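Enquirer: Which chain is which? The protein sequence lines are H, D and S, in order.
UniProt numbering puts the first residue of the first sequence at 4, with every later residue one more than the last.
UniProt numbering puts the first residue of the second sequence at 165, with every later residue one more than the last.
UniProt numbering puts the first residue of the third sequence at 3, with every later residue one more than the last.
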Amino acid sequence: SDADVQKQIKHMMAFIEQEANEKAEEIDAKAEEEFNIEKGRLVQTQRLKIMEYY
Amino acid sequence: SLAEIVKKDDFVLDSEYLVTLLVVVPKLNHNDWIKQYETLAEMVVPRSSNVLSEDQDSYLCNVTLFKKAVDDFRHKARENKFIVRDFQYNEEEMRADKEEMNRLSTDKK
Amino acid sequence: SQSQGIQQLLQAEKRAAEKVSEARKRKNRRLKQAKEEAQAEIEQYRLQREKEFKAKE
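#1: For the region 193 to 211 of chain D against the region 236 to 254 of chain D, do three or more pairs of beta-carbon atoms, one drawn from each stretch, fall closer than 8 Å, so that the two count as touching?
#2: Tell me where the beta strand (DSSP E) around D/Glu218 begins and ends.
#3: Is it true that the CB of D/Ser217 sits closer than 8 Å to the CB of D/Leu229?
#4: Do we get a CB-CB distance below 8 Å when we pair S/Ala57 with the residues of chain H?
#5: Just checking: is the beta-carbon of H/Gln9 within a distance shorter than 8 Å of some beta-carbon in chain D?
#6: Could you check what DSSP says for D/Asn254 in three-state terms: helix, strand or coil?
#7: Against chain H, does S/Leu33 count as a neighbour if the rule is that its beta carbon must be under 8 Å from one of theirs?
#8: What does a CB cutoff of less than 8 Å around D/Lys240 pick up in its chain, not counting 5 residues either side in sequence?
#9: For a quick check, are the C-beta atoms of D/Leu177 and D/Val234 less than 8 Å apart?
#10: Can you round the beta-carbon distance between H/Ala27 and S/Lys29 to whole angstroms, since I take them to be within the 8 Å contact cut?
#11: Could you tell me the distance, in whole angstroms, from the CA atom of D/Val208 to the CA atom of S/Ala40?
#12: Going along chain S, which residues have a C-beta under 9 Å from H/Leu45?
#13: In its own chain, which residues sit with a C-beta less than 6 Å from the C-beta of D/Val215, not counting the 5 before and 5 after it?
#14: Would you verify that the beta carbon of H/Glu37 is, or is not, closer than 8 Å to some beta carbon of chain S?
#15: Determine the closest residue to D/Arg242 out of D/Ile169, D/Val188 and D/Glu180, with distance taken between C-alpha atoms.
#16: Looking at D/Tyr253 and D/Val170, is the spacing between their C-beta atoms short of 8 Å?
#17: Using three-state DSSP, classify S/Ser5 as helix, strand or coil.
#18: Please list, in chain order, the chain S residues whose beta carbon lies closer than 7 Å to that of H/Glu41.
#19: Need the endpoints of the beta strand (DSSP E) that D/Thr203 sits in, please.
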């Protein structure tokens with residue numbers, strides 16, 4: 004039955020949308036992690052050099 | 165040769181979640197294959213068998229499907245004697261077959 | 003015609019590509035924001051250390 008295969012795939016293709024949303028959420032999680040990591044490393048490295056200068 | 169029958173419009177490629185597979189079937193068994201490929205694995209869209217050409221014995225088709233289907237699909241194709249012959253519009257290989265057919269004939273002369 | 007199956011594949015991939023591309027755009031914007039906020043906050047640290055240095059002088 005072509006219609007039953009169409010009903011099955013219309014459900015099953017939602018897993019590709021879920022995996023794509025999870026991949027985007029992993030890139031967003033990396034964006035949040037790398038924001039905090041990069042800001043912290045830059046600020047504390049320069050702040051130490053500033054405290055050493057003074 | 166794939167270079168005589170492969171054309172770009174029959175393929176779904178250059179994608180993260182999508183694949184094109186290629187399969188050979190006998191001309192009698194093709195009448196089952198037209199439906200039966202959809203039964204081999206999950207994640208197969210209906211009406212996605214696309215014949216590149218047919219001959220005195222057989223058919224070759226592309227199958228267009230989601231990436232999760234492919235390894236179960238190919239293995240169960242072989243277990244049912246449907247012969248996998250993957251060639252994903254390989255422009256370098258079709259160009260090599262054409263240029264070398266011309267070259268080796270010319271160089272033999 | 004096979005377009006009935008093929009367009010369902012292509013639609014899911016286009017939706018997927020959009021969601022990932024938006025997250026990559028956000029990643030680049032957040033990295034730029036980190037540099038800018040670090041450049042603002044590091045000057046606030048410098049200014050406080052400068053005030054303390056002038057007081058000690």
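C-beta atoms are modelled at their ideal positions from N, C-alpha and C, and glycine is treated no differently.
Expert: According to the data block:
#1: yes
#2: First-last of the beta strand (DSSP E) with D/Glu218: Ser213 to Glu218.
#3: no
#4: With a threshold of 8 Å between beta carbons, S/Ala57 makes no contact with chain H.
#5: yes
#6: coil
#7: yes
#8: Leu204 and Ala205
#9: no
#10: At roughly 10 Å, the Cβ-Cβ gap does not stay under 8 Å, so H/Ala27 and S/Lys29 are not in contact.
#11: Each residue's Cα considered, the two are about 50 Å apart.
#12: What H/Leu45 touches in chain S: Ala36, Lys37, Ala40, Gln41 and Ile44.
#13: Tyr223 and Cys225
#14: yes
#15: D/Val188
#16: yes
#17: DSSP, read as helix, strand or coil, puts S/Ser5 in helix.
#18: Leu33 and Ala36
#19: It is not in any beta strand (DSSP E) - D/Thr203 carries neither H nor E in the DSSP assignment.
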